[PDB]
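Next up, structure tokens for two forms of one chain, structure 1 and then structure 2.
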Structure 1
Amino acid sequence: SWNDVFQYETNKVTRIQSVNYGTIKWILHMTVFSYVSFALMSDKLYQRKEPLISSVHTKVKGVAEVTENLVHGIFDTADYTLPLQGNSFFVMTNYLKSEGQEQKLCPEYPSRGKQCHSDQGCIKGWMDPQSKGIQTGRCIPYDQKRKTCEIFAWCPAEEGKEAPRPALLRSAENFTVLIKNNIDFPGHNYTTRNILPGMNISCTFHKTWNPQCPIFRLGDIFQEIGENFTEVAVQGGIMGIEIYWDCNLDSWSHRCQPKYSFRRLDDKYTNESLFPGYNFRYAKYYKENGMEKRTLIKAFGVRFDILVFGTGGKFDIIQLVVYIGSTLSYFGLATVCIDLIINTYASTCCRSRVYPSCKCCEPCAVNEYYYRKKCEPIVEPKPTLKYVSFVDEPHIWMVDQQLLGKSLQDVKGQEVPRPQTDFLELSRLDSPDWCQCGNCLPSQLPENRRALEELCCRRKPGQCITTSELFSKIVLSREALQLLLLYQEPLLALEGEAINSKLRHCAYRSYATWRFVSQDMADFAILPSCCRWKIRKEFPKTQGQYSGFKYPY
């Protein structure tokens, strides 16, 4: 089967020289091409994108002078507050220091209504989880009007004390942080950094003037997003410094720069029971005067979380191939649309309701010509298929249903048009109850299938089709049938009953071709009893029943 391999199939097509259809086709093609190209370029769907891996190294620089009372102290954001310099860092903005605490008995701080109306109110032997002090069951006069429960704990106890207002280290808004960010795209084998040779050092970040300076003033960070540093400093907070890397690693469009943005990460309206702000407690234990003491510091501040995210794209051929394959089927849109137009306007419904109503749609009736040049309807050749023609009608009846002992003459079928004959070929030129022509005869077939041949040439009384001279010229012309037989077999022998059978079949074939036109219908046609029996009379059989119609398949 070598020839089976070497076959090539190509579809049969129909050019149409239509201005409208060609214009529509090209418009739709340009539209699809424009959109797919735009999507590819905008979304960079030709690039295989990779996420980055990041390293952050921060350096906070600030000295705050505090007058605590009176002692003038300096708070350097180099050793006092910054042992961690990386993704996240903390800048202290307030503190509550309790110097020289001794484990002894003292009143508890009156926080959130922590007081007593009577001595018996306090519970002996139970330590409050907030004050973290063991109650002795007595109530001390903490203040003149703010007496609180007696407790044995570190004293003077300050647990529950509110953060000082205004914040002690407000000057922290004047501090600066230098962020060094190293990224890599391991798949693309590309690494870069946010500081490059030839960058200003005295610069400070501004979203317009200095959008690439990695030195940030904290107050500016807060102002850029409408946050009040003075208020946030009191209880603390969490702020995000987002670094976005939208990086194009293609040589012809290379661009890998960071974009800095800011976002408050703590909730401003956190409920008082969910620990608003940001703080931590750390203690330093020291023995003074032979008595173990402890210095406790509750520090409030802003934790800055540096969030680095982004992707790096580089041209990938496989991605482009996949995208093109995905978008290729969209170029059949023109075909789909124009074929749908042809099919819709080829209907007989439009000439009856649409065009009469709208006369601007009349010239869209050429779709009927475009649809006959495009489609060839055919029917399933099932055994029950039969075609019927009546000389008193202009069209043909297809009886695909079975005859339940009912004469074929009395069967509705379904009307179909007679095919237009090839004019070029022709340019070279007592009776039964179901019979209206009077020339039909009872069928000799077995009673069960006798109704197939119970057909007449016409539906109303009149002259039989056999009376026409064309019937004799075509169907009963022994000369013409012999010529057709010789055309099929030039050396045919004109002797015996074989020739009489060959001529009878040719007469049937001739009537069916003459009155059904297409071979598709001529194959399943049914001859009337009149024509059938005239043919048989003029081409008899030596002996035996005529088989009648036999299923072609």
Structure 2
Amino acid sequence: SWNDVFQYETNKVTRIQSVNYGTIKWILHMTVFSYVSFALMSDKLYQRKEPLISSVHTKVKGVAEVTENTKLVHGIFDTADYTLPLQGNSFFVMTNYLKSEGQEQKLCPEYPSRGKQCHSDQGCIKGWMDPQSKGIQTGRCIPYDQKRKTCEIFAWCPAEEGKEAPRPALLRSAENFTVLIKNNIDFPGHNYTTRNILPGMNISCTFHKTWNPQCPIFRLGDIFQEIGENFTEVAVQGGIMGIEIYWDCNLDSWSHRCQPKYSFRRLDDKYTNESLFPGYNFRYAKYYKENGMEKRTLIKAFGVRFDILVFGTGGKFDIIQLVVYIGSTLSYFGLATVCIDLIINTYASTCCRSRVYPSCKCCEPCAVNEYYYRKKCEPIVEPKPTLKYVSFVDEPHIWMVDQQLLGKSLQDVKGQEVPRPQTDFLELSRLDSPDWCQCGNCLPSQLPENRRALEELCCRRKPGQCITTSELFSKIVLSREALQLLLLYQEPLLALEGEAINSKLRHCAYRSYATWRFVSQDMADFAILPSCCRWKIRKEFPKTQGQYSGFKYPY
């Protein structure tokens, strides 16, 4: 059993000294290797990739001046006037505003927005919580002004919801504002961390696509016009702008490159439906107390919400990933073998010689694939009990009968023809008749009727001379000296006496005839002797007082 452990199985191979096959094999191997390497390096499949974790710190610089109205009001807007305390992944810059000062919780006519005019008390319902007007209707219709009327609502009054944003936008100068974005990114699995601002960067820089791609100071107007967006128009109703920071980071020492790439993308739909809150704005309430009453100043602030979208992956060499990829791609190196073996398989077919080659003379010298096929493959059939082989001296090939003999004589069964092997020339270089019979020497079988059809076989398919009449038949089969020599070869001390040697000689004669007429031991083992030859052999070496068993399934 240890010897069994100590075994190695190696495949038998046929080395072909073919220029075309070698060329094809090497070309296919080179192609597979080149593609595998290109995929490995282009996609960095040898690298474990980890998503980043990002922190964003934004600082907006800029000052705006507004002059509006009934008295003229001159206002200055600094960061605390147009920015919220948040300075993370999103920062808001106010670009326009509607101000409703001195609101009190009381009854008032709703602002006439979106054709909300009232003509009669039936145009509104009492106690209806209108989120559009942002009040609760009292059910009555009251005059908003001299010309139009609007229902009364309990809300923050004077109610002005629905009024249009100023145009032009009051804080247009925000296009000239700048934002400094500090982005700290980390790959914890790879234990790496960097930031978008490194020592040596000039502080007077402003971002540009080509001149200053790494400058993290962005002018808002430049952001808008880089992607063909009009800051002046968006400033009226507001919008959402995304600043994308892509980190395609290679953390390998020999190829270390972890630098941010900045892009811009409008995130709010320019063509948003009017009822779906187009643009970007929010209502902020400044609460105070005046005249012993709780009052509220409502600022509808329109502006651009800048969303900093930080994304990317960090790739670092990982042996497991490379091993997995190489293992996945290893099977592709069998492409050359598959292709060349398929070529040999298909071109060895006889169909190519009869039809393709005469039509196409260029594909003619590819007939060598038959020699390759025969030096590569050994066909064998299942040695089933019904397997029989018959050879007729008239015919030049052997016939296989794999079907059950249902009474019909073996002579009448057609079967499938198979080629006759070439008896090694090297070894051969040395010095009333039954109705089915056609030679006149066959005799009825002595077997039981149920299996008598097996022995109902003649040496030929058409009438003619019996094969037994040939002197070579006597030399190979009936020659007692030759059979005795063969027996001695196998059994040097065999006793050439007794009824036993005669049975041994009979079996040796059967084997000799089968090998001579079938060549291969595969066919000879399942060959069926003709009745004439079988009975002549038995006459030469008969059985004293027994009945012949006949062919035996060797399996």
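Heads up, when I say rigid core I mean the largest set of C-alphas that superpose within 1.5 Å between the two forms. The first residue in the sequence of structure 1 is number 1, and each one after it adds one.
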query: Sole member of 195, 106, 341, 399 with a C-alpha shift of at least 2 Å between structure 1 and structure 2 (core-superposed); finding: 106
query: Shift of residue 151 between structure 1 and structure 2 at or above 2 Å (CA, core fit); finding: yes
query: Flag for residue 136, CA shift 2 Å or larger between structure 1 and structure 2 after aligning core; finding: yes
query: Cα displacement of residue 127 between structure 1 and structure 2 reaching 2 Å, rigid core superposed; finding: yes
query: Core superposition result - C-alpha of residue 547, shift between structure 1 and structure 2, Å; finding: 0.5
query: Rigid-core-fitted C-alpha displacement of residue 287 between structure 1 and structure 2 (angstrom); finding: 3.1
query: Core-fitted comparison between structure 1 and structure 2 - CA shift at residue 160, Å; finding: 1.4
